[PDB]
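What follows is the content of upload_13.pdb (PDB, C-alpha atoms and all ligand atoms).
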```pdb
ATOM      1  CA  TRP A 395      97.591  83.336 123.171
ATOM      2  CA  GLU A 396      95.927  83.051 126.616
ATOM      3  CA  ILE A 397      96.798  85.888 128.991
ATOM      4  CA  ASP A 398      96.314  85.381 132.715
ATOM      5  CA  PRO A 399      94.176  88.213 134.171
ATOM      6  CA  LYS A 400      96.389  88.094 137.297
ATOM      7  CA  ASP A 401      99.162  89.714 135.236
ATOM      8  CA  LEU A 402      96.974  92.718 134.250
ATOM      9  CA  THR A 403      96.673  96.010 136.143
ATOM     10  CA  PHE A 404      93.932  98.418 134.970
ATOM     11  CA  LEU A 405      94.819 102.151 135.023
ATOM     12  CA  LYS A 406      92.436 104.360 133.005
ATOM     13  CA  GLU A 407      89.144 103.876 131.025
ATOM     14  CA  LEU A 408      89.774 105.084 127.500
ATOM     15  CA  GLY A 409      86.318 104.767 125.979
ATOM     16  CA  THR A 410      83.502 102.437 124.860
ATOM     17  CA  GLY A 411      82.314 101.348 121.440
ATOM     18  CA  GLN A 412      80.562  98.700 119.399
ATOM     19  CA  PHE A 413      82.548  95.822 120.862
ATOM     20  CA  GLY A 414      82.989  96.995 124.436
ATOM     21  CA  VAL A 415      84.845  99.073 126.957
ATOM     22  CA  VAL A 416      88.577  99.818 126.511
ATOM     23  CA  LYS A 417      90.990 100.363 129.366
ATOM     24  CA  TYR A 418      94.685 101.262 129.476
ATOM     25  CA  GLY A 419      96.698  98.980 131.746
ATOM     26  CA  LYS A 420     100.023  97.205 132.344
ATOM     27  CA  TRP A 421     101.076  93.621 131.867
ATOM     28  CA  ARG A 422     103.281  92.253 134.696
ATOM     29  CA  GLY A 423     103.377  95.821 136.134
ATOM     30  CA  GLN A 424     105.693  96.963 133.328
ATOM     31  CA  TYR A 425     104.381  96.791 129.710
ATOM     32  CA  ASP A 426     101.680  99.156 128.416
ATOM     33  CA  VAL A 427      98.630  97.422 126.969
ATOM     34  CA  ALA A 428      95.065  98.269 125.945
ATOM     35  CA  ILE A 429      92.348  95.884 127.163
ATOM     36  CA  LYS A 430      88.969  95.597 125.454
ATOM     37  CA  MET A 431      86.204  93.922 127.464
ATOM     38  CA  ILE A 432      84.016  92.348 124.894
ATOM     39  CA  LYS A 433      80.358  93.255 124.923
ATOM     40  CA  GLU A 434      78.179  90.203 125.525
ATOM     41  CA  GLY A 435      76.483  88.990 122.338
ATOM     42  CA  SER A 436      78.564  91.207 120.010
ATOM     43  CA  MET A 437      80.985  88.552 118.744
ATOM     44  CA  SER A 438      81.297  84.861 117.862
ATOM     45  CA  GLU A 439      83.588  84.380 120.835
ATOM     46  CA  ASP A 440      84.410  80.670 120.485
ATOM     47  CA  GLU A 441      85.388  81.208 116.824
ATOM     48  CA  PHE A 442      87.463  84.310 117.651
ATOM     49  CA  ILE A 443      89.335  82.545 120.470
ATOM     50  CA  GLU A 444      90.270  79.495 118.335
ATOM     51  CA  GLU A 445      91.671  81.955 115.697
ATOM     52  CA  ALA A 446      93.252  84.597 118.024
ATOM     53  CA  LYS A 447      96.627  82.975 117.353
ATOM     54  CA  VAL A 448      96.167  83.619 113.553
ATOM     55  CA  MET A 449      95.754  87.371 114.121
ATOM     56  CA  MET A 450      98.574  87.281 116.746
ATOM     57  CA  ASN A 451     100.869  85.973 113.931
ATOM     58  CA  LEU A 452     100.246  89.106 111.819
ATOM     59  CA  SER A 453     103.192  91.077 113.018
ATOM     60  CA  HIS A 454     104.094  94.195 111.164
ATOM     61  CA  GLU A 455     105.178  97.454 112.763
ATOM     62  CA  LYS A 456     102.184  99.339 111.206
ATOM     63  CA  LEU A 457      99.541  96.811 112.463
ATOM     64  CA  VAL A 458      98.218  97.273 116.015
ATOM     65  CA  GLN A 459      99.448  94.076 117.664
ATOM     66  CA  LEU A 460      97.084  91.583 119.176
ATOM     67  CA  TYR A 461      98.896  90.251 122.292
ATOM     68  CA  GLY A 462      96.319  87.712 123.475
ATOM     69  CA  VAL A 463      92.966  87.014 125.088
ATOM     70  CA  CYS A 464      91.679  86.306 128.589
ATOM     71  CA  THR A 465      88.877  83.721 128.253
ATOM     72  CA  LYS A 466      88.373  82.019 131.617
ATOM     73  CA  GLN A 467      85.902  84.728 132.806
ATOM     74  CA  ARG A 468      82.951  86.846 131.583
ATOM     75  CA  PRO A 469      83.427  89.096 129.719
ATOM     76  CA  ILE A 470      86.367  87.932 127.543
ATOM     77  CA  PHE A 471      89.210  90.453 127.238
ATOM     78  CA  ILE A 472      91.235  91.186 124.085
ATOM     79  CA  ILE A 473      94.695  92.594 124.888
ATOM     80  CA  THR A 474      96.541  94.746 122.346
ATOM     81  CA  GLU A 475      99.287  97.236 121.812
ATOM     82  CA  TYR A 476      98.444 100.563 123.500
ATOM     83  CA  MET A 477      97.836 103.477 121.095
ATOM     84  CA  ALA A 478      97.839 106.570 123.232
ATOM     85  CA  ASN A 479      96.411 108.977 120.688
ATOM     86  CA  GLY A 480      93.322 106.831 120.024
ATOM     87  CA  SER A 481      91.246 106.632 116.921
ATOM     88  CA  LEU A 482      92.666 108.150 113.704
ATOM     89  CA  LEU A 483      89.233 109.642 112.935
ATOM     90  CA  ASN A 484      89.223 111.683 116.136
ATOM     91  CA  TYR A 485      92.943 112.499 115.852
ATOM     92  CA  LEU A 486      92.424 113.950 112.331
ATOM     93  CA  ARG A 487      89.637 116.196 113.648
ATOM     94  CA  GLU A 488      91.922 117.453 116.439
ATOM     95  CA  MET A 489      94.879 118.020 113.987
ATOM     96  CA  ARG A 490      92.703 120.611 112.094
ATOM     97  CA  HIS A 491      94.319 123.596 113.695
ATOM     98  CA  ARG A 492      97.880 122.171 113.992
ATOM     99  CA  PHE A 493      99.527 120.127 111.104
ATOM    100  CA  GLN A 494     102.024 120.091 108.118
ATOM    101  CA  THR A 495     100.538 118.635 104.847
ATOM    102  CA  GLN A 496     103.637 116.381 104.753
ATOM    103  CA  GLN A 497     102.324 114.543 107.851
ATOM    104  CA  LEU A 498      99.129 113.566 105.992
ATOM    105  CA  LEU A 499     101.123 111.745 103.340
ATOM    106  CA  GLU A 500     103.178 109.933 106.016
ATOM    107  CA  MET A 501      99.866 108.686 107.588
ATOM    108  CA  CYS A 502      98.864 107.254 104.186
ATOM    109  CA  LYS A 503     102.273 105.565 103.885
ATOM    110  CA  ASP A 504     101.903 103.994 107.368
ATOM    111  CA  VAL A 505      98.498 102.500 106.524
ATOM    112  CA  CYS A 506      99.692 101.391 103.066
ATOM    113  CA  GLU A 507     102.663  99.516 104.565
ATOM    114  CA  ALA A 508     100.310  97.598 106.925
ATOM    115  CA  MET A 509      97.982  96.761 104.069
ATOM    116  CA  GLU A 510     100.815  95.622 101.747
ATOM    117  CA  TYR A 511     101.771  93.186 104.559
ATOM    118  CA  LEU A 512      98.148  91.922 104.936
ATOM    119  CA  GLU A 513      97.902  91.579 101.095
ATOM    120  CA  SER A 514     101.131  89.499 101.117
ATOM    121  CA  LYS A 515      99.299  86.991 103.392
ATOM    122  CA  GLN A 516      96.042  87.224 101.338
ATOM    123  CA  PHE A 517      94.427  88.418 104.609
ATOM    124  CA  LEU A 518      91.369  90.631 104.133
ATOM    125  CA  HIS A 519      90.772  93.539 106.442
ATOM    126  CA  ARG A 520      87.093  94.066 105.349
ATOM    127  CA  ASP A 521      86.505  97.335 107.230
ATOM    128  CA  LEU A 522      89.426  99.627 106.536
ATOM    129  CA  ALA A 523      88.470 103.214 107.520
ATOM    130  CA  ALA A 524      89.887 105.976 109.723
ATOM    131  CA  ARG A 525      87.686 104.876 112.654
ATOM    132  CA  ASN A 526      89.512 101.450 112.560
ATOM    133  CA  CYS A 527      93.030 102.949 112.635
ATOM    134  CA  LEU A 528      94.776 104.048 115.791
ATOM    135  CA  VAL A 529      97.563 106.512 116.539
ATOM    136  CA  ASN A 530     100.416 106.018 119.002
ATOM    137  CA  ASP A 531     102.266 108.524 121.201
ATOM    138  CA  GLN A 532     104.748 109.293 118.398
ATOM    139  CA  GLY A 533     101.953 110.024 115.864
ATOM    140  CA  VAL A 534     102.423 106.778 113.937
ATOM    141  CA  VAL A 535      99.186 105.448 112.443
ATOM    142  CA  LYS A 536      98.547 101.740 112.627
ATOM    143  CA  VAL A 537      95.762  99.547 111.302
ATOM    144  CA  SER A 538      93.484  97.829 113.798
ATOM    145  CA  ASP A 539      90.564  95.326 113.928
ATOM    146  CA  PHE A 540      91.865  93.551 110.851
ATOM    147  CA  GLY A 541      89.479  90.744 109.854
ATOM    148  CA  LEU A 542      87.155  91.392 112.807
ATOM    149  CA  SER A 543      83.894  91.771 110.840
ATOM    150  CA  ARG A 544      83.907  88.012 110.113
ATOM    151  CA  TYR A 545      83.143  87.455 113.825
ATOM    152  CA  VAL A 546      80.479  90.146 114.374
ATOM    153  CA  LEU A 547      76.991  88.822 115.131
ATOM    154  CA  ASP A 548      74.831  91.830 114.172
ATOM    155  CA  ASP A 549      73.693  91.523 110.490
ATOM    156  CA  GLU A 550      72.937  95.272 110.564
ATOM    157  CA  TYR A 551      76.790  95.702 110.390
ATOM    158  CA  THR A 552      77.948  92.682 108.310
ATOM    159  CA  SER A 553      75.271  92.605 105.588
ATOM    160  CA  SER A 554      75.507  94.973 102.595
ATOM    161  CA  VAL A 555      71.824  95.935 103.218
ATOM    162  CA  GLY A 556      72.274  96.548 106.960
ATOM    163  CA  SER A 557      71.833 100.103 108.170
ATOM    164  CA  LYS A 558      75.270  99.965 109.854
ATOM    165  CA  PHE A 559      77.289  98.484 106.941
ATOM    166  CA  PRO A 560      80.307 100.625 105.802
ATOM    167  CA  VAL A 561      78.660 101.619 102.518
ATOM    168  CA  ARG A 562      80.815 104.761 102.156
ATOM    169  CA  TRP A 563      84.006 102.654 102.071
ATOM    170  CA  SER A 564      82.752  99.893  99.750
ATOM    171  CA  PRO A 565      83.187  99.271  96.024
ATOM    172  CA  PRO A 566      80.328  98.389  93.658
ATOM    173  CA  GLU A 567      80.995  94.615  93.760
ATOM    174  CA  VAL A 568      80.686  94.603  97.561
ATOM    175  CA  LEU A 569      77.530  96.755  97.644
ATOM    176  CA  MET A 570      75.805  94.604  94.996
ATOM    177  CA  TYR A 571      77.290  91.112  95.432
ATOM    178  CA  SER A 572      79.132  91.044  98.765
ATOM    179  CA  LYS A 573      82.299  90.105  96.788
ATOM    180  CA  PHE A 574      85.257  90.902  99.097
ATOM    181  CA  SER A 575      88.874  90.661  97.948
ATOM    182  CA  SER A 576      92.193  92.507  98.206
ATOM    183  CA  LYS A 577      90.606  94.964  95.679
ATOM    184  CA  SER A 578      87.764  95.890  97.997
ATOM    185  CA  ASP A 579      90.420  96.726 100.658
ATOM    186  CA  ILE A 580      92.134  98.847  97.947
ATOM    187  CA  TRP A 581      88.877 100.803  97.370
ATOM    188  CA  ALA A 582      88.495 101.401 101.103
ATOM    189  CA  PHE A 583      92.114 102.601 101.310
ATOM    190  CA  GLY A 584      91.412 105.255  98.725
ATOM    191  CA  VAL A 585      88.421 106.436 100.834
ATOM    192  CA  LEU A 586      90.723 106.422 103.907
ATOM    193  CA  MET A 587      93.265 108.611 102.025
ATOM    194  CA  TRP A 588      90.328 110.981 101.268
ATOM    195  CA  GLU A 589      89.398 110.963 105.016
ATOM    196  CA  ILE A 590      93.026 111.824 105.941
ATOM    197  CA  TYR A 591      93.302 114.628 103.394
ATOM    198  CA  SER A 592      89.865 115.956 104.449
ATOM    199  CA  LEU A 593      90.943 115.924 108.154
ATOM    200  CA  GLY A 594      88.179 113.494 109.126
ATOM    201  CA  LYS A 595      85.178 114.679 107.173
ATOM    202  CA  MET A 596      82.515 112.079 106.378
ATOM    203  CA  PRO A 597      82.711 110.818 102.776
ATOM    204  CA  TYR A 598      79.667 111.668 100.594
ATOM    205  CA  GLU A 599      78.284 113.698 103.501
ATOM    206  CA  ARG A 600      75.333 115.231 101.537
ATOM    207  CA  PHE A 601      74.016 111.726 100.740
ATOM    208  CA  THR A 602      72.335 108.940 102.697
ATOM    209  CA  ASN A 603      73.845 105.387 102.556
ATOM    210  CA  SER A 604      71.231 104.348  99.963
ATOM    211  CA  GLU A 605      71.966 107.429  97.843
ATOM    212  CA  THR A 606      75.726 106.848  98.215
ATOM    213  CA  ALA A 607      75.393 103.255  96.895
ATOM    214  CA  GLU A 608      73.463 104.589  93.848
ATOM    215  CA  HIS A 609      75.995 107.453  93.401
ATOM    216  CA  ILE A 610      78.907 104.977  93.296
ATOM    217  CA  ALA A 611      77.073 102.568  90.974
ATOM    218  CA  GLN A 612      76.501 105.538  88.572
ATOM    219  CA  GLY A 613      80.304 106.101  88.513
ATOM    220  CA  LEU A 614      80.374 109.255  90.632
ATOM    221  CA  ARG A 615      83.384 109.656  92.961
ATOM    222  CA  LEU A 616      84.710 111.721  95.816
ATOM    223  CA  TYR A 617      86.202 115.060  94.683
ATOM    224  CA  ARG A 618      89.734 116.211  95.566
ATOM    225  CA  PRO A 619      90.122 117.533  99.116
ATOM    226  CA  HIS A 620      91.778 120.976  98.950
ATOM    227  CA  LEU A 621      94.822 119.678 100.934
ATOM    228  CA  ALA A 622      95.542 116.964  98.408
ATOM    229  CA  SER A 623      97.790 117.797  95.473
ATOM    230  CA  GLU A 624      96.814 116.436  92.058
ATOM    231  CA  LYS A 625      99.488 113.691  92.378
ATOM    232  CA  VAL A 626      97.961 112.615  95.757
ATOM    233  CA  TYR A 627      94.427 112.684  94.279
ATOM    234  CA  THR A 628      95.546 110.599  91.333
ATOM    235  CA  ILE A 629      96.682 107.911  93.823
ATOM    236  CA  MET A 630      93.416 107.852  95.782
ATOM    237  CA  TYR A 631      91.352 107.964  92.584
ATOM    238  CA  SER A 632      93.224 104.918  91.193
ATOM    239  CA  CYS A 633      91.621 102.918  94.057
ATOM    240  CA  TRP A 634      88.150 103.599  92.635
ATOM    241  CA  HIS A 635      88.085 101.998  89.187
ATOM    242  CA  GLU A 636      84.702 100.374  88.701
ATOM    243  CA  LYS A 637      86.416  97.134  87.616
ATOM    244  CA  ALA A 638      88.242  95.553  90.542
ATOM    245  CA  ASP A 639      90.963  94.056  88.353
ATOM    246  CA  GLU A 640      91.926  97.604  87.188
ATOM    247  CA  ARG A 641      92.702  98.787  90.745
ATOM    248  CA  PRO A 642      96.350  98.738  91.851
ATOM    249  CA  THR A 643      97.932  96.483  94.490
ATOM    250  CA  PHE A 644      99.107  97.873  97.833
ATOM    251  CA  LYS A 645     102.741  97.353  96.640
ATOM    252  CA  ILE A 646     102.039  99.705  93.695
ATOM    253  CA  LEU A 647     100.269 102.272  95.920
ATOM    254  CA  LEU A 648     103.207 102.224  98.346
ATOM    255  CA  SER A 649     105.661 102.918  95.555
ATOM    256  CA  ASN A 650     103.456 105.732  94.249
ATOM    257  CA  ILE A 651     103.202 107.277  97.733
ATOM    258  CA  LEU A 652     107.005 107.042  98.237
ATOM    259  CA  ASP A 653     107.473 108.702  94.782
ATOM    260  CA  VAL A 654     105.253 111.671  95.818
ATOM    261  CA  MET A 655     107.163 111.916  99.124
ATOM    262  CA  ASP A 656     110.532 111.892  97.260
ATOM    263  CA  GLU A 657     109.413 114.602  94.841
TER     264      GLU A 657
HETATM  265  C1  LIG B   1      94.570  94.564 116.978
HETATM  266  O1  LIG B   1      93.262  94.233 117.482
HETATM  267  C2  LIG B   1      92.487  93.386 116.736
HETATM  268  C3  LIG B   1      92.923  92.800 115.549
HETATM  269  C4  LIG B   1      92.089  91.942 114.858
HETATM  270  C5  LIG B   1      90.860  91.694 115.367
HETATM  271  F1  LIG B   1      90.042  90.869 114.656
HETATM  272  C6  LIG B   1      90.381  92.234 116.535
HETATM  273  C7  LIG B   1      91.211  93.109 117.243
HETATM  274  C8  LIG B   1      90.594  93.647 118.490
HETATM  275  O2  LIG B   1      89.420  93.392 118.771
HETATM  276  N1  LIG B   1      91.339  94.427 119.272
HETATM  277  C9  LIG B   1      90.859  94.953 120.541
HETATM  278  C10 LIG B   1      91.118  96.426 120.697
HETATM  279  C11 LIG B   1      90.860  97.322 119.677
HETATM  280  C12 LIG B   1      91.050  98.678 119.850
HETATM  281  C13 LIG B   1      91.524  99.177 121.061
HETATM  282  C14 LIG B   1      91.696 100.623 121.262
HETATM  283  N2  LIG B   1      90.630 101.419 121.132
HETATM  284  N3  LIG B   1      91.062 102.685 121.483
HETATM  285  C15 LIG B   1      90.143 103.822 121.425
HETATM  286  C16 LIG B   1      89.436 103.914 120.075
HETATM  287  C17 LIG B   1      89.165 103.741 122.571
HETATM  288  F2  LIG B   1      88.491 104.886 122.712
HETATM  289  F3  LIG B   1      88.283 102.754 122.442
HETATM  290  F4  LIG B   1      89.795 103.523 123.719
HETATM  291  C18 LIG B   1      92.365 102.688 121.823
HETATM  292  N4  LIG B   1      93.082 103.814 122.123
HETATM  293  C19 LIG B   1      92.836 101.378 121.672
HETATM  294  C20 LIG B   1      94.234 100.991 121.900
HETATM  295  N5  LIG B   1      94.663  99.818 121.448
HETATM  296  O3  LIG B   1      94.994 101.803 122.440
HETATM  297  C21 LIG B   1      91.826  98.274 122.077
HETATM  298  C22 LIG B   1      91.624  96.914 121.895
END
```

Step by step, read the file and then write its structure as structure tokens.
Amino acid sequence: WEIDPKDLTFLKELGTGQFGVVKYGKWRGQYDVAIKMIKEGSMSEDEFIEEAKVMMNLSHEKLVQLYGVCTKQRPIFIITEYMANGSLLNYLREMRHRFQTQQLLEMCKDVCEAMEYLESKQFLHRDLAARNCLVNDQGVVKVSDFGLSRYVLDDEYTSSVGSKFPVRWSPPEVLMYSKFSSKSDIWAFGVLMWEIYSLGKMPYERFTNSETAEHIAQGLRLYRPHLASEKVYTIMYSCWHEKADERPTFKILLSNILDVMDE
């Protein structure tokens, strides 16, 4: 789990975000990696490091792999699989003038496969959204930052009443009671399918976060993006039953997606 910084070569800065700067590099001069330099005070570092091996054990081809951490210096580095096309949210917005509708369904299948694997381990993602998915050089979408919100220090992001909480991806039981489960990841997946089929538009864009939480509590839901067929919309809408126990599992969604692909 501990990577020696001597084996890393840094090659290009890719960007910066909430948890720090990301660079593309090589491990032992040969293997592509992404390196995130964790922003001081953003994470519970000791707790993350003791559990980095847990996340390293979650190996599925549609999860962005965590390769290890460098912790004998400041800042700590988190080393992962390199995803050359970057965030899914930005990639969807760039796809707007060049795509086949068939590719949108294959992106949903990729994310669903990763989430069926996490569900099989009873591992909660807690912030599934297009901004937390990445895209590789072959256009395969993979899920990233799985479970990370448990280690974030800023209550503005982790509390349901924080200005930065992912209200637009959350079901009623999370907004009201902070009750997370595999079924709150199912709700967020349906919003992510809506983001894919809307080519990266913001969900509930006419509403503030406070108005969105009221809108969802009143039973109102996202309408059908024009690119989604009625069979595709039926799948995303199934993720949004008010009662969590009425929402499907990721194994059922995957079979439904594969049925639409087949037909
Ligand atoms: C699998 O990782 C985890 C799993 C569980 C967990 F709890 C935490 C982590 C974690 O912290 N990973 C650190 C990390 C996250 C994202 C990128 C990354 N980001 N980006 C872009 C948006 C940009 F712009 F930031 F560069 C890539 N292309 C990236 C790329 N990998 O090519 C790089 C490293």

Name the residues that the PyMOL selection byres (((chain A and resi 525) around 7) and not hetatm) pulls out of this structure, and write them as a compact mmCIF listing (two decimals) with C-alpha atoms, keeping the file's coordinate frame.
```
# COMPACT_ATOMS: atom_id res chain seq x y z
CA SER A 481 91.25 106.63 116.92
CA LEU A 482 92.67 108.15 113.70
CA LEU A 483 89.23 109.64 112.94
CA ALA A 523 88.47 103.21 107.52
CA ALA A 524 89.89 105.98 109.72
CA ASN A 526 89.51 101.45 112.56
CA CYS A 527 93.03 102.95 112.64
```

**Request:** Any chance you could resolve the PyMOL selection byres (((not hetatm)) within 7 of (chain B and resi 1)) against this file and give the residues as an MDAnalysis selection string?
**Result:** chainID A and resid 408:411 415:417 428:430 449 458:460 472:481 528 538:542

**Request:** Would you kindly return, as a list in words, each protein, DNA or RNA residue with an atom no farther than 12 Å from any atom of residue 623 (chain A), considering all atoms listed in the file and excluding same-chain residues fewer than 2 positions away?
**Result:** residues 495, 496, 498, 499, 588, 591, 617, 618, 619, 620, 621, 625, 626, 627, 628, 629, 630, 654 and 655 of chain A

**Message:** What's the separation between CA of residue 455 (chain A) and CA of residue 536 (chain A), in Å to one decimal place?
**Reply:**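 Atom-to-atom, CA of residue 455 (chain A) and CA of residue 536 (chain A) are spaced 7.9 Å apart.
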
**Request:** Identify, on the basis of all atoms listed in the file, every residue whose closest approach to residue 512 (chain A) does not exceed 12 Å; exclude the query and any residue fewer than 4 positions from it along the same chain; express the result as a VMD selection string.
**Result:** chain A and resid 449 451 to 457 505 to 508 516 to 520 522 537 to 538 540 to 541 575 to 576 579 to 580 643 to 645

**Message:** Just to confirm, what's the straight-line distance from CA of residue 406 (chain A) to CA of residue 432 (chain A) in Å (one decimal)?
**Reply:**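 If I compute the distance from CA of residue 406 (chain A) to CA of residue 432 (chain A), I get 16.8 Å.
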
**Prompt:** Which protein, DNA or RNA residues are at most 10 Å from (88.1, 102.7, 89.4) in the file's coordinates when you count only C-alpha atoms, listed as a list in words?
**Reply:**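 Those within range, by chain then number, are residues 565, 566, 581, 613, 615, 630, 631, 632, 633, 634, 635, 636, 637, 638, 639, 640, 641 and 642 of chain A.
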
Next, write the just-selected residues to a file, as an mmCIF file, keeping the file's coordinate frame, keeping C-alpha atoms as the atom set.
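Everything below was put into again_3.cif:
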```
data_model
loop_
_atom_site.group_PDB
_atom_site.id
_atom_site.type_symbol
_atom_site.label_atom_id
_atom_site.label_comp_id
_atom_site.auth_asym_id
_atom_site.auth_seq_id
_atom_site.Cartn_x
_atom_site.Cartn_y
_atom_site.Cartn_z
ATOM 1 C CA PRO A 565 83.187 99.271 96.024
ATOM 2 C CA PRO A 566 80.328 98.389 93.658
ATOM 3 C CA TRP A 581 88.877 100.803 97.370
ATOM 4 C CA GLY A 613 80.304 106.101 88.513
ATOM 5 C CA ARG A 615 83.384 109.656 92.961
ATOM 6 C CA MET A 630 93.416 107.852 95.782
ATOM 7 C CA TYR A 631 91.352 107.964 92.584
ATOM 8 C CA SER A 632 93.224 104.918 91.193
ATOM 9 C CA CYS A 633 91.621 102.918 94.057
ATOM 10 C CA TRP A 634 88.150 103.599 92.635
ATOM 11 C CA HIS A 635 88.085 101.998 89.187
ATOM 12 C CA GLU A 636 84.702 100.374 88.701
ATOM 13 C CA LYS A 637 86.416 97.134 87.616
ATOM 14 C CA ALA A 638 88.242 95.553 90.542
ATOM 15 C CA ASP A 639 90.963 94.056 88.353
ATOM 16 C CA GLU A 640 91.926 97.604 87.188
ATOM 17 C CA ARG A 641 92.702 98.787 90.745
ATOM 18 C CA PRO A 642 96.350 98.738 91.851
#
```

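With only C-alpha atoms as the atoms that count, the residue of A:395, A:574, A:425, A:534 with the shortest distance to residue 552 (chain A) is A:574.
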
**Prompt:** CA of residue 510 (chain A) and CA of residue 648 (chain A) are how many Å apart?
**Reply:**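 Between CA of residue 510 (chain A) and CA of residue 648 (chain A) the gap is 7.8 Å.
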